[PDB]
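The structure appears below as structure tokens.
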Amino acid sequence: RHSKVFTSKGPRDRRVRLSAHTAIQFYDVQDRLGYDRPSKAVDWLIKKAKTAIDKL
Amino acid sequence: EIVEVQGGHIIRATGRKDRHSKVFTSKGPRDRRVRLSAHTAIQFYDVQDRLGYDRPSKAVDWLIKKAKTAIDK
DNA sequence: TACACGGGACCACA
DNA sequence: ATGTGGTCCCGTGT
């Protein structure tokens, strides 16, 4: 249990599979950032993009 | 088994039970899934929906294209 | 303990 | 054939 979170579309899993195109780029960010776990790269990417998230 | 792709490289899957490709990175072959913590998964799945994207990977693409400036630094 | 991460296998699908 | 997104079970570690 606990591997789901409550989203606006229902319960969704915390493990998600990135496309090869996306994974190549996303792992680059994580590796460049030198983070141990990839979730932390997402926290960053997100925070480094509030400006836009704020629109829409 | 290596295979060239736009922006990087891919490794063909070895076993017959799973035929999922891995991507080659700076620390070697890597599986393409990623687990996110709960807090992160909640804010991530928000953005995803605010873009109305079906697939999470398309919101990670958006986020990257949107942090391009940062990334490159 | 409780929660977390990620490898392996897997189903439905194209 | 061989890829795909996505999920389950479990070994291991915080």
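General remarks:
- In degrees, nearest ten, helix B:38-50 long axis to first principal axis of chain B (Cα): 80
- Set of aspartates and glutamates with alpha-carbon distance to A:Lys4 below 13 Å, sequence-local pairs under 8 removed: A:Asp13
- Average partner coverage of B:12-19, which counts Cβ from other chains inside 10 Å: 0
- Between 0 and 90°, nearest 10: helix B:56-66 axis offset from chain B longest Cα axis: 70
- With contributions of -39500 (n - 2.57) from each DSSP H run of at least four residues, the per-residue ellipticity at 222 nm computed over the protein assembly as shown stands at -12500 deg cm²/dmol.
- With neighbours defined as other Cβ atoms within 10 Å of a residue's Cβ, the residues B:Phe24, B:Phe44 order from fewest to most as B:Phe24, B:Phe44.
- Look at the stretch A:46-52: the mean tally of other chain Cβ atoms within 10 Å of its residues' Cβ atoms is 6.
- Ordering of B:30-36, A:38-44 by burial proxy (mean other Cβ atoms within 10 Å per residue, highest first): A:38-44, B:30-36
Read-outs: derived from the displayed coordinates by stated rules, not from any lab. All Cβ positions, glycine included, derive from the backbone under ideal geometry; neighbour counts span all protein chains shown.
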